[PDB]
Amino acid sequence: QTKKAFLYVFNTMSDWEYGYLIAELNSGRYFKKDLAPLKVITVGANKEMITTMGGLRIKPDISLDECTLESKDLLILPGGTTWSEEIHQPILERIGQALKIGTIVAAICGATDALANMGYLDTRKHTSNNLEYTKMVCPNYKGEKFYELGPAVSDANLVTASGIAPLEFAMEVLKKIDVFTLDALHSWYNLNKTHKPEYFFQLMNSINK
């Protein structure tokens, strides 16, 4: 049972990529019965305010130092335009250890390429925005065999996704950490994807059970 949820926050983070996931987690509104919200703690490279791609100035809760990643914690890595920059190297090292103790790591979009370049997708099923671009941009990536079309893929305690697939991303994380029942996750997914109202009535009657 997952006890903490971390979102890594950095200048340029892509807003559309984590919004569904973090809102459902932090509110707990559609969690199954007797399950309290999974509070999302924002973690920065340091305590400096960051500005999203959308321009939102955010105050990190804690700094990477202050943060402990533990078996079954959740760590969200959003896309952004800055992931090769070397400001991210310390978290990228820690991610290696996190993955070992069994912390669920959820990477979307360019975060997927950060991981691909550290060797970590070499023997896990994964997706990314584009295989050809990931190979060009990631010299130490040897996971081509393990690569799938996705747009979201789940393997043990790693979820990767394309940047265009935030609902699918959110759905797979939500499912991995077992926070909704399977009825509520399907109807939630279908309502958001399809906008058909049968799914709103499904979802209201599946939640909290």
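Numbers follow the displayed sequence, beginning with 1.
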**Request:** Select between 162-170 and 65-73 the stretch whose C-alpha atoms have the higher average B-factor in the entry.
**Result:** 65-73
**Request:** For the higher mean C-alpha B factor in the entry, choose 143-151 or 180-188.
**Result:** 143-151
**Prompt:** When the CA B-factors of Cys109, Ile101, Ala106, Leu131 are compared as recorded in the entry, which is the largest?
**Reply:** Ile101
**Request:** Can you work out whether the C-alpha temperature factor of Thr52 puts it in the lowest, middle or highest third of the chain?
**Result:** middle
**Complete:** Sorting the chain's modelled residues by C-alpha B-factor and splitting them into thirds places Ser27 in the lowest
